[PDB]
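The residues making up each chain are set out below.
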Amino acid sequence: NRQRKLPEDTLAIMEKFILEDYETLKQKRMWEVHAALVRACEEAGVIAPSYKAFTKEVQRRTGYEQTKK
DNA sequence: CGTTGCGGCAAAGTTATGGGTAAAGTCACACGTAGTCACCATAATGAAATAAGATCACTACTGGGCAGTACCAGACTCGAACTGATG
């Protein structure tokens, strides 16, 4: 079952937050960025992904680009 | 007719994949990361020096005029004397 179980708006928001609040010149930890994402999701009325989902997708962005950013 | 092998049908069984939730791990807080030669071109004087220029001193060459001399008359001026009118 490769179908994504999260709603599309939840994806888009979490993509945006991983892009613009984690890979940034601050070296923020994953817990704080997840908390900010959850706060934004609760403002937007969408489903907030769990912390394990955040860590797993962050683990999908590893390599050169993230280490450089 | 009965038996036997074969094949369709539809649960049922097995892997796989992307989610959530408690719970075992993981690791930094322990004063500390910035810090230091090496590098060769450009401005930038200040000195070193210029290359020509400026003036002195001497040597030789060549224009060339001034104080003084001299004659041949022409012409005005006037001693000295002559001579005529006169009161």
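Analysis parameters
Residues numbered from 1 in each chain as written, not as in the entry; some residues may be left out. Chains lettered and ligands numbered in written order. Part of a larger assembly, values for the part shown. Heavy atoms only, no water. Core = buried A, V, L, I, M, F, W, Y, C linked by side-chain atoms within 4.5 Å. Buried < 20%, exposed > 50% of the residue type's maximum accessible area, 1.4 Å probe, protein only. Helix = DSSP H or I, 4+ residues; strand = E, 2+ residues; numbered from the N terminus. Contact = heavy atoms within 4.5 Å. 1 Å grid on protein atoms, 1.4 Å probe; cavity = no way out; pocket = protein on both sides within 12 Å on 5 of 7 lines; lining within 4 Å. Points joined across faces, edges and corners; volume = space filled by probe spheres on them.

This deposited entry lists cryo-EM as its structure determination method and 3.65 Å as its resolution.

Undergrad: Got a minute to help me understand the nonpolar core in this structure?
TA: Soluble, globular proteins show a tendency: their nonpolar side chains are buried together. Counting 12 residues, the largest nonpolar core is built from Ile13, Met14, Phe17, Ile18, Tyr22, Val33, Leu37, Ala40, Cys41, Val46, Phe54 and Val58. Elements that contribute at least two residues to this core include exactly α1 (8-21), α2 (30-44) and α3 (51-58). In this structure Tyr22 touches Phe17, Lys28, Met30, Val33, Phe54, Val58 and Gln66, once residues within four positions along its chain are discounted.

Undergrad: Would you mind showing me how to read the layout of surface pockets here?
TA: Left-over empty space is what a probe sized like a water molecule reveals as it rolls over the atoms. By volume, the largest pocket is sized at about 310 Å³. When residues in the lining of the largest pocket are grouped by element, the largest group, 4 residues, is from α3. Estimated volume of the second largest pocket: approximately 230 Å³. Residue lining of the second largest pocket: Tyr22, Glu23, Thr24, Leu25, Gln27, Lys28, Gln66, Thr67, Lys68 and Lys69, and that is the complete set.

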